[PDB]
Structures are given as structure tokens and as C-alpha cells.
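Colleague: Here it is: the structure, laid out below.
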Amino acid sequence: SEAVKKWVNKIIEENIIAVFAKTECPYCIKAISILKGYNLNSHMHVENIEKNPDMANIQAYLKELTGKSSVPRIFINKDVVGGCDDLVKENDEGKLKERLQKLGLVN
Ligand SMILES: [Ba+2]
Ligand SMILES: [Ba+2]
Ligand SMILES: [Ba+2]
Ligand SMILES: [Ba+2]
């Protein structure tokens with residue numbers, strides 16, 4: 001149990017933009033595309049947690065951290081963004097750009 005948590009943590013802490021996704025997931029794809037549209041590829045990690053023997057443990061931990069077990073699950077500098085709909089709200093209302101500017105990721 002500790003092992004799974006430590007592995008998830010490492011992904012979130014070693015990558016400024018961390019996205020947990022699954023196979024053939026339209027809102028995963030959309031969210032990742034939005035983020036790459038800010039040229040964040042170099043600070044981005046996408047983990048497919050469906051292709052993983054411990055998917056349920058990972059999803060349960062992501063729910064403990066964020067309130068939902070669904071993918072996509074999106075972290076920016078360890079802060080919880082949430083899912084694709086959360087990302088879209090932040091993007092449309094200017095908060096996403098604000099976040100990225102404070103990190104030096106967008107001018
Ligand atoms: Ba399918
Ligand atoms: Ba990368
Ligand atoms: Ba298993
Ligand atoms: Ba199992």
C-alpha cells in the first residue's frame with residue numbers, strides 16, 4: 001500500500017505537470033492536448049494507470065488526494081487541478097495561464 005502511494009507521489013513530485021490517464025480516454029486526450037497547447041511537453045508526464053496491475057489502488061489514492069477516482073486526474077506543481085472539466089474551467093477563466101505564468105512556464 002505504501003509502495004503504490006510512494007510511486008504515485010514520485011510521479012506528482014518529479015513532474016511539474018502530472019496527468020493520470022487510461023487507454024482510449026477522450027477526456028484524457030482532450031486535457032493532455034490542451035496542456036501541450038501551452039508548450040508544456042518538457043515538464044509533462046502522462047501515466048496510463050489502466051495498464052498497471054494496481055489500477056484500483058492508484059485510483060483510490062487519487063481519490064484520497066483529489067476527491068475523485070476517475071481519470072484524467074491532473075496536478076500542477078503538486079496542486080490539484082482535477083479533471084478535464086476543471087482544466088477547461090481554469091483555461092477559459094484565465095486561471096490556468098495564471099498558474100503557468102507563476103511557474104515560469106508561459107510568458
Ligand atoms: Ba474502448
Ligand atoms: Ba515529457
Ligand atoms: Ba493485480
Ligand atoms: Ba489487483
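The chains in the C-alpha cells are called A, B, ... from first to last as shown; in each chain the residues are counted from 1, and the ligands are counted from 1 in the order shown.
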Could you report the residues within 7 Å of ligand 2, using only C-alpha atoms and all ligand atoms, as a PyMOL selection string?
Modeller: chain A and resi 41-45
Colleague: Suppose we keep C-alpha atoms; can you now write the selection as an mmCIF file, in the first residue's frame?
Modeller:
data_model
loop_
_atom_site.group_PDB
_atom_site.id
_atom_site.type_symbol
_atom_site.label_atom_id
_atom_site.label_comp_id
_atom_site.auth_asym_id
_atom_site.auth_seq_id
_atom_site.Cartn_x
_atom_site.Cartn_y
_atom_site.Cartn_z
ATOM 1 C CA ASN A 41 5.580 18.929 -23.074
ATOM 2 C CA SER A 42 9.023 19.257 -21.460
ATOM 3 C CA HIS A 43 7.526 19.393 -17.938
ATOM 4 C CA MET A 44 4.779 16.908 -18.527
ATOM 5 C CA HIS A 45 4.316 13.306 -17.547
#
Colleague: May I have the residues within 9 Å of residue 5 of chain A as a ChimeraX atom specification, using only C-alpha atoms and disregarding those fewer than 5 positions away in the same chain?
Modeller: /A:10,57-58,61
Colleague: With the cut-off set at 8 Å and counting only C-alpha atoms and all ligand atoms, tabulate each residue of chain A with an atom at most that distance from an atom of ligand 4, showing the nearest atom pair and its distance in Å to one decimal, ordered by chain and increasing number, as JSON lines.
Modeller:
{"residue": "A:53", "atom": "CA", "partner": "ligand 4", "partner_atom_place_in_ligand_line": "1 (Ba)", "distance": 5.7}
{"residue": "A:54", "atom": "CA", "partner": "ligand 4", "partner_atom_place_in_ligand_line": "1 (Ba)", "distance": 5.3}
{"residue": "A:55", "atom": "CA", "partner": "ligand 4", "partner_atom_place_in_ligand_line": "1 (Ba)", "distance": 7.4}
{"residue": "A:56", "atom": "CA", "partner": "ligand 4", "partner_atom_place_in_ligand_line": "1 (Ba)", "distance": 7.1}
{"residue": "A:57", "atom": "CA", "partner": "ligand 4", "partner_atom_place_in_ligand_line": "1 (Ba)", "distance": 7.9}
Colleague: Taking into account only C-alpha atoms, which residue in the set A:22, A:62, A:27, A:72 is nearest to residue 7 of chain A?
Modeller: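 Closest candidate: A:62.
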Colleague: Please report, as JSON, numbers by chain, each residue of segment 16-93 of chain A to which DSSP assigns alpha helix (DSSP H) when run on this structure's backbone.
Modeller: {"A": [26, 27, 28, 29, 30, 31, 32, 33, 34, 35, 36, 55, 56, 57, 58, 59, 60, 61, 62, 63, 64, 65, 66, 84, 85, 86, 87, 88, 89, 90, 91, 92]}
Colleague: Need to verify the contact set: segment 79-95 of chain A, 10 Å, only C-alpha atoms, exclusion of same-chain residues closer than 3 positions in sequence. Can you return it as a tab-separated table (two decimals) with N, CA, C and O atoms, in the first residue's frame?
Modeller:
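Output saved as part00.tsv:
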chain	number	residue	atom	x	y	z
A	12	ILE	N	4.00	12.72	-9.14
A	12	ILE	CA	3.49	14.07	-8.92
A	12	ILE	C	4.61	15.04	-8.56
A	12	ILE	O	4.59	16.21	-8.96
A	16	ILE	N	6.35	18.72	-13.02
A	16	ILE	CA	5.51	19.87	-12.70
A	16	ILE	C	4.07	19.60	-13.14
A	16	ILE	O	3.14	19.86	-12.38
A	17	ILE	N	3.88	19.09	-14.36
A	17	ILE	CA	2.54	18.75	-14.85
A	17	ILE	C	2.43	17.23	-14.84
A	17	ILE	O	3.15	16.55	-15.56
A	18	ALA	N	1.52	16.70	-14.01
A	18	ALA	CA	1.35	15.26	-13.91
A	18	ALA	C	-0.09	14.91	-14.24
A	18	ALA	O	-1.02	15.43	-13.61
A	19	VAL	N	-0.27	14.01	-15.20
A	19	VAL	CA	-1.60	13.59	-15.65
A	19	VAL	C	-1.68	12.07	-15.53
A	19	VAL	O	-0.84	11.35	-16.10
A	20	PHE	N	-2.68	11.59	-14.81
A	20	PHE	CA	-3.02	10.17	-14.74
A	20	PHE	C	-4.19	9.92	-15.68
A	20	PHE	O	-5.21	10.61	-15.61
A	26	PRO	N	-11.29	9.77	-24.03
A	26	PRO	CA	-11.40	11.04	-24.76
A	26	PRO	C	-11.10	12.26	-23.91
A	26	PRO	O	-10.45	13.20	-24.40
A	27	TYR	N	-11.57	12.31	-22.67
A	27	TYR	CA	-11.29	13.50	-21.86
A	27	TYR	C	-9.85	13.52	-21.37
A	27	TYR	O	-9.31	14.61	-21.16
A	28	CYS	N	-9.20	12.36	-21.25
A	28	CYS	CA	-7.75	12.35	-21.05
A	28	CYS	C	-7.04	13.01	-22.22
A	28	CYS	O	-6.17	13.87	-22.05
A	29	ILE	N	-7.40	12.58	-23.44
A	29	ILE	CA	-6.77	13.08	-24.65
A	29	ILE	C	-6.98	14.59	-24.78
A	29	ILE	O	-6.05	15.34	-25.10
A	30	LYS	N	-8.21	15.03	-24.56
A	30	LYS	CA	-8.50	16.46	-24.61
A	30	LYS	C	-7.65	17.23	-23.61
A	30	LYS	O	-7.05	18.26	-23.95
A	31	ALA	N	-7.59	16.77	-22.36
A	31	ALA	CA	-6.87	17.52	-21.35
A	31	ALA	C	-5.38	17.59	-21.68
A	31	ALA	O	-4.76	18.65	-21.57
A	32	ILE	N	-4.82	16.46	-22.12
A	32	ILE	CA	-3.41	16.43	-22.49
A	32	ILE	C	-3.14	17.35	-23.67
A	32	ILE	O	-2.12	18.04	-23.71
A	34	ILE	N	-4.84	20.08	-24.48
A	34	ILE	CA	-4.90	21.46	-24.01
A	34	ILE	C	-3.57	21.84	-23.36
A	34	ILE	O	-3.01	22.91	-23.62
A	35	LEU	N	-3.06	20.96	-22.50
A	35	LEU	CA	-1.81	21.26	-21.81
A	35	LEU	C	-0.64	21.36	-22.79
A	35	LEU	O	0.19	22.27	-22.68
A	62	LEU	N	-5.73	8.41	-5.71
A	62	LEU	CA	-6.06	9.65	-6.39
A	62	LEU	C	-7.34	10.25	-5.84
A	62	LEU	O	-7.47	11.47	-5.77
A	65	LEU	N	-6.49	11.96	-2.59
A	65	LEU	CA	-5.80	13.21	-2.85
A	65	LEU	C	-6.69	14.30	-3.46
A	65	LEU	O	-6.44	15.49	-3.23
A	66	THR	N	-7.69	13.92	-4.27
A	66	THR	CA	-8.40	14.88	-5.11
A	66	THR	C	-9.91	14.87	-4.98
A	66	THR	O	-10.56	15.80	-5.49
A	67	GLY	N	-10.50	13.83	-4.38
A	67	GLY	CA	-11.94	13.72	-4.27
A	67	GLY	C	-12.61	12.86	-5.32
A	67	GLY	O	-13.79	12.53	-5.15
A	68	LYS	N	-11.91	12.49	-6.39
A	68	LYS	CA	-12.48	11.64	-7.43
A	68	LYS	C	-11.49	10.56	-7.81
A	68	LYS	O	-10.28	10.78	-7.78
A	70	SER	N	-11.78	9.02	-10.89
A	70	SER	CA	-11.81	8.96	-12.34
A	70	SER	C	-10.57	9.59	-12.95
A	70	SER	O	-9.91	10.45	-12.35
A	71	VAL	N	-10.25	9.16	-14.17
A	71	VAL	CA	-9.22	9.81	-14.97
A	71	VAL	C	-9.88	10.58	-16.10
A	71	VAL	O	-10.98	10.21	-16.57
A	72	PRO	N	-9.27	11.68	-16.58
A	72	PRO	CA	-7.95	12.12	-16.12
A	72	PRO	C	-7.93	12.76	-14.73
A	72	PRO	O	-8.93	13.33	-14.28
A	73	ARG	N	-6.79	12.66	-14.07
A	73	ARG	CA	-6.52	13.37	-12.82
A	73	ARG	C	-5.26	14.19	-13.06
A	73	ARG	O	-4.24	13.64	-13.45
A	74	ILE	N	-5.33	15.49	-12.77
A	74	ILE	CA	-4.34	16.47	-13.20
A	74	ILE	C	-3.82	17.23	-11.99
A	74	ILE	O	-4.60	17.82	-11.24
A	75	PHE	N	-2.49	17.25	-11.86
A	75	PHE	CA	-1.76	18.00	-10.85
A	75	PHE	C	-0.82	18.97	-11.55
A	75	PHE	O	-0.18	18.62	-12.54
A	76	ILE	N	-0.70	20.18	-11.00
A	76	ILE	CA	0.26	21.17	-11.48
A	76	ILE	C	1.05	21.68	-10.28
A	76	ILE	O	0.49	22.29	-9.37
A	98	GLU	N	-2.61	31.91	-15.56
A	98	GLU	CA	-2.07	32.48	-14.30
A	98	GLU	C	-1.09	31.51	-13.47
A	98	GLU	O	0.07	31.76	-12.91
A	99	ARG	N	-1.58	30.26	-13.42
A	99	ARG	CA	-0.80	29.21	-12.78
A	99	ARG	C	0.53	29.04	-13.48
A	99	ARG	O	1.58	28.94	-12.85
A	100	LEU	N	0.47	28.91	-14.81
A	100	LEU	CA	1.66	28.60	-15.59
A	100	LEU	C	2.64	29.76	-15.60
A	100	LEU	O	3.86	29.55	-15.61
A	101	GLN	N	2.13	30.99	-15.60
A	101	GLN	CA	2.99	32.16	-15.52
A	101	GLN	C	3.77	32.17	-14.21
A	101	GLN	O	4.97	32.48	-14.20
Colleague: Between atom CA of residue 24 of chain A and atom 1 (Ba, counted along the ligand's line) of ligand 1, what is the distance in Å, rounded to a tenth?
Modeller: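 It comes out at 5.5 Å.
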Colleague: Out of A:103, A:49, A:40, A:25, which residue has the shortest atom-to-atom distance to ligand 1 when counting only C-alpha atoms and all ligand atoms?
Modeller: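 The answer is A:25, which sits nearest to ligand 1.
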